[PDB]
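Novice: If you scroll down you'll find the structure; I have some questions about it.
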Amino acid sequence: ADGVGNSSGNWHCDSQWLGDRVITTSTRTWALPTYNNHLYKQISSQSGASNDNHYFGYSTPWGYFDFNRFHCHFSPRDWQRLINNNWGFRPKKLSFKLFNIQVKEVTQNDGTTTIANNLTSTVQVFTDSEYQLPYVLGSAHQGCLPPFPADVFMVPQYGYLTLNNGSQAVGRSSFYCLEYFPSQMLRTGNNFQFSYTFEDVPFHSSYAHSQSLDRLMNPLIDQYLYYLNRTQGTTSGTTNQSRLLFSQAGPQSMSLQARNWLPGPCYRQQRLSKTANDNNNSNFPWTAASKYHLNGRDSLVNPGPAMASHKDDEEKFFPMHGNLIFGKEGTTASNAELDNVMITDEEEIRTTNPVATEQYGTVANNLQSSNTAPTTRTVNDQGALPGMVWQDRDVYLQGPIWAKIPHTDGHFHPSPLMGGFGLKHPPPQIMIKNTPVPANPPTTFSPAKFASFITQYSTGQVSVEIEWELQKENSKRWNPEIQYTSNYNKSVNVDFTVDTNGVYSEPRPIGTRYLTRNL
Amino acid sequence: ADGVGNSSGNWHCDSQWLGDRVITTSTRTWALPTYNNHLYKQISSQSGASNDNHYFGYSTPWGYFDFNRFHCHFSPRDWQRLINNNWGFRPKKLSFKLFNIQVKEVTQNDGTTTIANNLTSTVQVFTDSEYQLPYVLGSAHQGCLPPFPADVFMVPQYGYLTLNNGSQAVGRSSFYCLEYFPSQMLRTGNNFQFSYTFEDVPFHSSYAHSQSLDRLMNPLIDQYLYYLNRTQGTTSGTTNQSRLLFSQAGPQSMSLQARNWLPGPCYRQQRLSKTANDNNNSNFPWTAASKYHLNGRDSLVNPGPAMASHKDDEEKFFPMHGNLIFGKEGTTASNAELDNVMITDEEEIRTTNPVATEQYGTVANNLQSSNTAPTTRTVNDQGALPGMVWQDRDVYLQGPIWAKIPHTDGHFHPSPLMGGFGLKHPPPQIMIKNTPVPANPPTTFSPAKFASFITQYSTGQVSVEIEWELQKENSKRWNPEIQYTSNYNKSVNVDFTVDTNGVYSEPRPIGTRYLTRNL
Amino acid sequence: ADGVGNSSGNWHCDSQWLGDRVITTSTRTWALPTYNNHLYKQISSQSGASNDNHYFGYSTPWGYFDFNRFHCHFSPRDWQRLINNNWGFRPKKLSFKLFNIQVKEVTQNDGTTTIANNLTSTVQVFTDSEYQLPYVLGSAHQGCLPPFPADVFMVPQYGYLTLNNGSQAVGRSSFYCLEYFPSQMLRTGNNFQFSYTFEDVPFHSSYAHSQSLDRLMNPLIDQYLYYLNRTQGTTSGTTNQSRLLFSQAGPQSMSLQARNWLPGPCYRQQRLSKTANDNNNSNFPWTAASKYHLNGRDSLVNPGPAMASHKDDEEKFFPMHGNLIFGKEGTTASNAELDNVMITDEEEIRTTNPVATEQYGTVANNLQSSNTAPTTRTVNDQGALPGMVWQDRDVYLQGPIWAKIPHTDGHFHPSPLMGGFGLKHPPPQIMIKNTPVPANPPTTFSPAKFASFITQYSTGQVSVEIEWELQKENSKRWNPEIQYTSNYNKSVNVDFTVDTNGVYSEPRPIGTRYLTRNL
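Encoded structure:
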């Protein structure tokens with residue numbers, strides 16, 4: 218509530234480190250055009266497309282604000298500081314502000330274009346706090362507050378999908394008009410505020426394990442429980458006849474002991490060597506990929522269950538569609554090379570989670586007897602058994618922050634398979650739009666739809682602030698620990714900075730799990 | 218506590234719709250004979266029966282009252298009203314009343330029979346509130362308060378099973394005498410009251426989903442995560458040599474995106490076409506049916522996990538033993554025709570739950586390399602993985618209401634696989650019985666068991682009342698919704714009414730899931 | 218805090234039975250030598266050992282106190298009394314005391330040895346209440362308070378493992394120095410006290426089931442739900458053509474009814490007959506055993522999921538590595554005979570848990586049609602499905618009491634697969650050590666490590682006391698129940714006593730599950 222010559226809000230950014238929590242705030246500049254010429258448009262897949270790539274939905278004239286990525290909040294120094302001293306963290310509070318809003322009209326009369334101020338034009342903004350519109354965040358889409366504060370960004374367009382029977386629709390499909398919501402209209406001088414509180418959520422495990430499930434015992438003392446170790450006879454003359462013999466497992470026969478827990482569930486995936494020539498010479502993806510199909514159409518499990526990337530001393534094999542792959546700065550979005558991308562590694566969970574390329578184990582599948590020898594079968598898909606303990610997938614400075622747990626009758630582990638915190642009531646989606654300004658109407662009344670508007674766009678500043686709780690580490694380890702560092706060697710340009718052309722880049726992915734804990 | 222000429226209780230029936238809850242009450246007339254001639258009888262399976270159809274137990278002279286079906290409480294108009302405006306519901310409170318009790322003696326001297334009043338005879342009634350007798354409700358048995366209030370019904374006989382080693386018993390087996398319980402004896406003039414409160418239970422999802430798991434994203438914006446899309450070379454001269462290539466999934470390649478969740482667990486079942494000639498010409502049931510065996514004996518999963526009946530545009534295939542099948546009025550209980558039954562459809566859960574006839578997907582099962590091409594295997598049985606989200610089976614106007622969760626150390630999803638609400642402490646079983654009236658004893662004392670009683674039966678009125686909580690719908694859908702209606706076309710008789718012979722019938726099954734929600 | 222001639226603490230032992238809880242206390246005498254000559258020693262597996270039997274870790278000069286076994290607390294009469302009247306139990310409170318501590322010096326000058334008092338020598342003791350050192354309890358190791366109170370026992374040595382890449386280590390490995398902890402030093406006259414409270418934990422099911430999952434219904438009343446029972450035609454002339462026919466399942470066709478729940482998850486294991494000649498003539502163990510591998514190395518599931526040992530009337534087959542095996546008194550720890558060990562039976566869970574030797578069932582794996590007949594596949598590995606109900610493994614008088622649930626992001630059923638109660642914060646490990654007493658130092662200062670100490674050991678008394686909650690049984694069973702008893706027949710020596718040589722022995726394993734309950 219001000220005039221045209223008074224600024225609303227200021228540029229805050231920065232971050233504050235307190236005793237048990239950190240407040241990270243960031244401000245950016247945003248631009249917004251008009252979408253679909255102020256029209257809601259039905260969108261069907263295509264005539265003759267693939268059965269799996271079918272979809273029906275709508276596209277609206279509304280934009281929305283995305284900040285669901287760590288790099289859209291944290292900074293490389295702040296991230297390194299957070300992960301090198303903490304065993305966990307989670308969000309606590311959220312604040313959002315829109316200000317310094319300008320609506321600018323555009324005129325075209327020739328090859329040149331002219332831009333002028335339009336002080337009387339409003340802008341509509343509203344937040345879906347009741348979670349009634351479809352939630353499109355948490356799908357790893359583009360367009361959150363660029364990692365560099367100096368970058369000016371663009372508000373993505375909003376759209377949603379619904380039930381479809383092929384390329385068509387069904388009566389059960391829903392249509393949502395976003396103008397049918399109470400929304401706030403604001404001019405140059407007004408501003409929008411919003412506050413939100415996260416619900417209880419488990420701390421993210423920002424640490425590795427210094428122990429292993431299979432090696433969790435005393436290396437000095439035998440077990441007092443007996444196990445069958447021989448079926449033939451040890452004594453002379455009985456080595457060719459059956460006789461059950463029982464031993465006690467000690468430090469030597471350490472693989473035959475009794476145990477309390479089992480490794481996490483498995484869903485096997487194919488393996489690929491980072492060297493091109495070492496792989497099979499065929500286009501096997503989508504024909505040899507672990508995929509799941511529902512309603513008669515297939516789909517690919519890209520993240521999949523949290524499972525270790527490779528074994529020890531491999532460093533060369535990665536599962537097909539088994540880990541997040543990021544893009545380097547200035548990389549094509551279609552058929553990029555292996556050296557132009559950034560494949561994340563989840564080896565830290567080798568201790569608890571089974572490796573993705575290999576199997577869960579073997580199970581007996583017959584009744585052995587004198588005539589028939591015992592036979593087993595390898596099992597590659599494993600559900601949930603009692604006593605199972607596993608670890609969740611790590612999050613990265615560039616990765617997703619949260620997701621919306623679907624409103625369904627059943628859940629097993631609501632932790633998102635792509636990233637961090639799953640929330641029943643996540644931060645609501647803020648949607649912003651430019652109100653349509655009609656051009657000169659006809660002098661004689663006409664009932665026809667008005668389809669001659671004045672072309673104009675908008676720009677402004679958006680501030681976000683999240684308060685995060687931190688879990689401190691108290692480890693009794695004697696020797697030092699592994700931590701994130703910058704290489705001291707000479708380089709043309711330093712990491713996480715701008716080049717001579719002023720383009721910000723991220724060289725490597727950074728994971729949180731660096732400190733250690735005992736199982 | 219009254220005389221012989223004063224009535225206890227009245228006929229209430231009807232239902233009341235309040236702001237956030239509905240009170241449904243119904244009164245019926247019941248008859249009760251004497252069972253087993255006032256004797257407890259041991260019952261074994263048979264000599265020479267099938268191994269799977271073996272059982273040992275007891276049958277008592279006690280009846281019991283059953284009202285564990287929606288049609289025994291609701292009415293077609295009330296049911297349609299409930300399901301067309303609500304997103305859920307659950308039971309809150311229960312009241313039960315027995316009154317207007319008459320004991321009538323029967324005399325036979327010739328082909329004719331005479332019935333007289335017997336004012337001094339009592340009736341025993343008691344409720345197992347401590348859950349000590351076996352719970353036989355929740356097994357889809359016959360004999361609850363008929364759907365039509367004017368119908369007079371019959372109290373079913375009580376019996377139970379125990380451990381058996383073949384047709385015989387084991388020392389671990391238990392015997393329960395129901396006369397060994399504190400019970401209330403009541404004459405003509407007395408009445409029995411009972412009140413009960415349901416424990417906390419999740420709301421039943423009386424809605425479908427307007428979105429799908431595989432289509433939950435923005436149809437306009439690409440993903441920023443890379444995925445391997447090619448193994449050969451795209452450039453000329455490299456189409457026959459291996460080279461990993463990575464792309465970004467957008468609206469076109471919508472089946473290759475990253476996702477957070479997986480469809481519910483699966484347990485595959487055989488498929489049957491509703492057309493007889495389209496099926497295989499063999500007696501495959503019980504020889505090609507998904508069955509589970511314990512203690513060395515098999516058993517059939519009739520409901521099975523909640524899984525979609527068929528794909529889109531099928532409308533003709535149903536799983537074998539994969540959905541509830543109801544009987545039409547006046548239908549034989551042995552080898553009825555397909556047109557004389559009523560097969561329920563669970564297609565509403567196609568969005569989340571996998572189809573029953575098809576598989577969960579495929580999983581890689583080898584280590585591909587230059588020499589060996591990758592190989593996958595189809596998986597038809599799937600356990601529980603992290604990130605799994607599913608939906609429960611719908612309930613119907615004629616279906617079961619609740620069940621008793623077994624008292625065991627472990628549970629995964631205590632929702633009954635046949636129907637609605639699972640309860641650790643369900644409504645207790647009320648048991649009623651006619652006390653034995655001896656005939657004239659011998660003049661000289663004899664220690665022999667008294668086995669000459671006076672033949673008589675009982676009749677009375679039973680009132681039930683359940684208070685149910687309701688969850689209102691607040692949807693932002695623009696277009697109208699699908700709802701239950703009666704066909705306006707001319708017909709000989711209208712649905713859910715009596716015919717010229719005064720026989721009440723139910724033409725079709727009615728499911729609760731009609732409104733929609735976003736995932 | 219006393220002198221040299223005043224005793225600290227007394228010998229309590231005994232047990233008290235109160236209305237709803239039992240307090241079991243026991244005192245023992247312990248001895249303690251010096252370990253590793255007061256040195257921390259790195260321990261690697263070996264050069265050329267098996268890949269699976271690889272390990273890296275450390276061994277310390279510290280002892281620790283173990284009392285994680287029922288026989289180290291209860292007594293045969295107390296155990297029999299507990300299991301013959303109770304439906305459950307769990308720990309409530311813990312108290313621990315160390316007193317009457319003497320440090321004795323040893324001198325060797327010839328074949329003879331002399332032992333003298335050393336009043337000025339201290340002893341170090343501390344409890345890891347913050348759970349920072351690796352937890353080596355709960356691995357079925359040797360050395361808890363002997364079952365007979367008169368036996369004097371030996372304090373086991375402490376050691377731990379860490380991450381290893383083969384026989385070597387990795388930078389992520391941790392080293393813990395136990396001298397780096399605040400510890401209490403105590404002489405002859407001082408004593409150590411400790412108190413602890415268990416966290417909430419489910420009652421242990423010390424009962425069997427009088428009913429079965431597959432037989433949980435009324436043996437007298439048919440079901441009102443129809444099931445496909447025939448695919449051919451029953452009428453004459455249609456027995457060779459397809460026609461779906463539906464029936465109602467009653468007491469006769471009791472294996473084709475509808476049900477609410479499924480048996481627990483399965484993980485098949487091989488079967489062995491107790492008769493040697495009836496088994497296959499090969500050394501199949503470890504080559505036909507259900508095993509799971511992680512980080513590229515295998516491991517054996519000795520307890521495995523809680524699954525029934527055998528079917529009815531078998532009494533001769535046991536799963537390979539599927540139940541706890543105890544040793545008889547004076548039995549060799551390497552290749553003992555079948556008659557010299559004690560194999561526990563878990564048949565009591567046949568009602569709910571599937572048998573270990575057999576499969577979970579069969580699942581359809583194709584689309585049957587006119588041309589192709591339906592085909593099914595047997596499933597031996599089963600995950601977790603909705604509606605699954607199972608039972609946990611029984612505990613024994615000689616078996617483990619508790620275990621430490623690993624600190625991980627995910628758990629399915631934290632009940633240990635080897636035994637009883639899983640605890641996030643179990644009773645902490647008390648560690649005790651003899652401080653090093655230097656021998657005469659050189660007259661001239663030398664910076665070399667001091668490696669000439671005085672040889673001496675320690676002895677003392679340790680008292681433990683646990684308060685346990687009890688769940689009373691209120692069963693309506695008429696006939697008597699099965700209970701534990703001692704055979705009245707004449708014998709050379711009675712059970713659970715000492716022989717002519719004063720050696721205490723345990724003849725048979727005792728399980729808690731003796732009383733019964735309905736599902």
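From first to last, the protein sequence lines are chains B, L and Z. As numbered in UniProt numbering, residues 218 to 736 make up the first sequence, in order. As numbered in UniProt numbering, residues 218 to 736 make up the second sequence, in order. As numbered in UniProt numbering, residues 218 to 736 make up the third sequence, in order. Every residue, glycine too, gets a C-beta built ideally from N, C-alpha and C.
1. Three Cβ pairs or more, each shorter than 8 Å: is that satisfied between the segment 290-310 of chain L and the segment 227-245 of chain L?
2. Which bits of chain L does residue 538 (chain B) rub up against, with CB to CB less than 8 Å?
3. Suppose contacts are defined by Cβ-Cβ distances below 7 Å. Is residue 566 (chain B) in contact with residue 525 (chain B) by that definition?
4. Say whether chain Z places a C-beta atom closer than 7 Å to the C-beta of residue 591 (chain B).
5. Measure the beta-carbon distance from residue 444 (chain Z) to residue 268 (chain L) and round it to whole angstroms, keeping in mind my assumption that it falls under 8 Å.
6. Just to make sure I have the definition right: I need the residues of chain B whose C-beta is within less than 8 Å of the C-beta of residue 192 (chain L). Which are they?
7. When you compare each of B:556, B:548, B:223, B:413 to residue 681 (chain B) by their alpha carbons, which one comes out closest?
8. Closest to residue 572 (chain Z) by C-alpha separation, out of Z:715, Z:539, Z:280, Z:365, would be which residue?
9. Are the Cβ atoms of residue 496 (chain B) and residue 464 (chain L) separated by less than 7 Å?
10. When you measure from the CB of residue 568 (chain L) to every non-hydrogen atom of the ligand NAP, does any distance come out below 6 Å?
11. Taking any Cβ of chain Z, which residues in the segment 515-545 of chain B have a Cβ under 7 Å from it, in chain order?
12. Does the distance from the C-beta atom of residue 237 (chain L) to that of residue 687 (chain L) stay below 7 Å?
13. DSSP beta-bridge partners for residue 679 (chain L)?
14. Is it buried or exposed for residue 468 (chain L), if we count other Cβ within 10 angstroms and need 16 for buried?
15. Straight-line CA distance for residue 452 (chain L) to residue 597 (chain B)?
16. Taking only beta carbons into account, state which residues of the segment 670-697 of chain L come closer than 8 Å to chain B, listed in chain order.
17. Taking 8 Å as the threshold, find out whether the segment 714-733 of chain B comes into contact with the segment 396-411 of chain B through three or more Cβ pairs.
18. Helix, strand or coil: how does DSSP classify residue 546 (chain Z) here?
19. Name the one or two DSSP bridge partners that residue 379 (chain B) has.
20. Residues of the segment 388-399 of chain B with a CB closer than 8 Å to any CB of chain L: list them in chain order, please.
21. Am I right that residue 607 (chain B) and residue 436 (chain B) are in contact with their C-beta atoms under 8 Å? What's the rounded C-beta distance?
22. How big is the Cα-Cα spacing for residue 652 (chain Z) and residue 674 (chain Z)?
23. Going by CA-CA distance only, name the one from B:705, B:316, B:466, B:663 that's closest to residue 549 (chain Z).
24. Hey, residue 247 (chain B) and residue 648 (chain B): beta-carbon distance below 7 Å or not?
25. Thinking residue 639 (chain L) and residue 315 (chain L) are a contact (beta carbons under 8 Å), I'd like their distance in whole angstroms, please.
26. Closer than 8 Å by beta-carbon distance: list the chain Z residues that pair up with residue 624 (chain L), in chain order.
27. What ranges does the beta strand (DSSP E) occupy inside the segment 283-345 of chain L, keeping only unbroken runs of at least 3 residues that lie completely in it?
28. Name the DSSP bridge partner or partners of residue 655 (chain Z)?
29. Just checking my contact of residue 277 (chain B) with residue 257 (chain B) at CB under 8 Å: how many whole Å lie between their CB atoms?
30. When the Cα atoms are used, what is the spatial distance from residue 179 (chain B) to residue 318 (chain B)?
31. Is it buried or exposed for residue 667 (chain L), if we count other Cβ within 10 angstroms and need 16 for buried?
32. Measuring only the C-alpha atoms, how far is residue 530 (chain L) from residue 329 (chain B)?
33. Helix, strand or coil for residue 665 (chain L), going by three-state DSSP, please let me know.
34. Which term fits residue 477 (chain Z), buried or exposed, when burial requires 16 or more other beta carbons within 10 angstroms of its beta carbon?
Specialist: Per the coordinate set shown:
1. yes
2. The residue labelled residue 538 (chain B) in the question sits at position 321 within the first sequence. By Cβ distance, chain L contributes 444, 445.
3. Within the first sequence, the letter at position 349 stands for residue 566 (chain B). Within the first sequence, the letter at position 308 stands for residue 525 (chain B). Yes. Within cutoff.
4. One-based indexing of the first sequence puts residue 591 (chain B) at position 374. It does; some Cβ of chain Z falls within 7 Å.
5. Indexing the third sequence from 1 puts residue 444 (chain Z) at position 227. Indexing the second sequence from 1 puts residue 268 (chain L) at position 51. Contact flag wrong, Cβ pair sits at about 19 Å.
6. Residue coverage of chain L in this structure runs from 218 to 736, which leaves residue 192 (chain L) outside it and unanswerable.
7. As a first step, residue 681 (chain B) is located in the first sequence; it is residue number 464 there, counting from the start. Nearest option by C-alpha distance: B:413.
8. Here residue 572 (chain Z) refers to the residue found at position 355 when the third sequence is read from its first residue. Taking only the C-alpha atoms, the option nearest residue 572 (chain Z) is Z:539.
9. The residue you call residue 496 (chain B) lines up with position 279 of the first sequence. The residue you call residue 464 (chain L) lines up with position 247 of the second sequence. Their beta carbons are not under 7 Å apart, which means residue 496 (chain B) does not touch residue 464 (chain L) by this criterion.
10. In the structure shown, the ligand NAP is absent, as is every other ligand, since no ligand is present at all.
11. 528, 529, 530
12. Counted from its first residue, the second sequence places residue 237 (chain L) at position 20. Counted from its first residue, the second sequence places residue 687 (chain L) at position 470. Cβ distance < 7 Å, so residue 237 (chain L) and residue 687 (chain L) count as in contact.
13. For the purposes of this step, residue 679 (chain L) is taken as the residue at position 462 of the second sequence. L:245, L:315.
14. As a working note, residue 468 (chain L) is residue 251 in the second sequence. The residue in question, residue 468 (chain L), is buried, as its Cβ has 16 or more Cβ neighbours within 10 Å.
15. Within the second sequence, numbered from 1, the residue matching residue 452 (chain L) stands at position 235. Within the first sequence, numbered from 1, the residue matching residue 597 (chain B) stands at position 380. Each residue's alpha carbon lies about 36 Å from the other.
16. 691, 692, 693, 694, 695, 696
17. no
18. In the third sequence, the residue the question calls residue 546 (chain Z) occupies position 329. Residue 546 (chain Z) falls in the coil class under three-state DSSP.
19. In the first sequence, the residue the question calls residue 379 (chain B) occupies position 162. Answer is B:273.
20. 388, 389, 390, 391, 392, 393, 394, 397, 398
21. Numbered from its first residue, the first sequence carries residue 607 (chain B) at position 390. Numbered from its first residue, the first sequence carries residue 436 (chain B) at position 219. That belief does not hold up - the Cβ atoms of residue 607 (chain B) and residue 436 (chain B) are roughly 25 Å apart, past 8 Å.
22. Position 435 of the third sequence, counted from the first residue, corresponds to residue 652 (chain Z). Position 457 of the third sequence, counted from the first residue, corresponds to residue 674 (chain Z). Their backbone Cα atoms lie some 10 Å apart in a straight line.
23. As a working note, residue 549 (chain Z) is residue 332 in the third sequence. Nearest of B:705, B:316, B:466, B:663 to residue 549 (chain Z), Cα basis: B:466.
24. Position 30 of the first sequence, counted from the first residue, corresponds to residue 247 (chain B). Position 431 of the first sequence, counted from the first residue, corresponds to residue 648 (chain B). Going by C-beta atoms, residue 247 (chain B) is not nearer than 7 Å to residue 648 (chain B).
25. As a first step, residue 639 (chain L) must be located in the second sequence, where it is residue number 422. As a first step, residue 315 (chain L) must be located in the second sequence, where it is residue number 98. Contact doesn't hold; Cβ gap of about 27 Å is too wide.
26. Translated into the one-based positions of the second sequence, residue 624 (chain L) becomes position 407. The answer, in chain order, is 734, 735, 736.
27. 303-325, 330-334, 340-344
28. As a working note, residue 655 (chain Z) is residue 438 in the third sequence. For residue 655 (chain Z), which the question treats as bridged, DSSP gives the partners Z:670.
29. Position 60 of the first sequence, counted from the start, is the residue given in the question as residue 277 (chain B). Position 40 of the first sequence, counted from the start, is the residue given in the question as residue 257 (chain B). 5 Å between Cβ atoms; contact.
30. No statement about residue 179 (chain B) is possible, as the shown extent of chain B runs from 218 to 736 and does not include it.
31. Mapped onto the second sequence, residue 667 (chain L) falls at position 450. Exposed, since its Cβ has fewer than 16 Cβ neighbours within 10 Å.
32. Translated into the one-based positions of the second sequence, residue 530 (chain L) becomes position 313. Translated into the one-based positions of the first sequence, residue 329 (chain B) becomes position 112. Each residue's Cα considered, the two are about 55 Å apart.
33. Within the second sequence, numbered from 1, the residue matching residue 665 (chain L) stands at position 448. Note: residue 665 (chain L) maps to coil in three-state DSSP.
34. Residue numbering aside, residue 477 (chain Z) sits at position 260 when the third sequence is read from its first letter. Buried, because 16 or more other Cβ atoms sit within 10 Å of the Cβ of residue 477 (chain Z).
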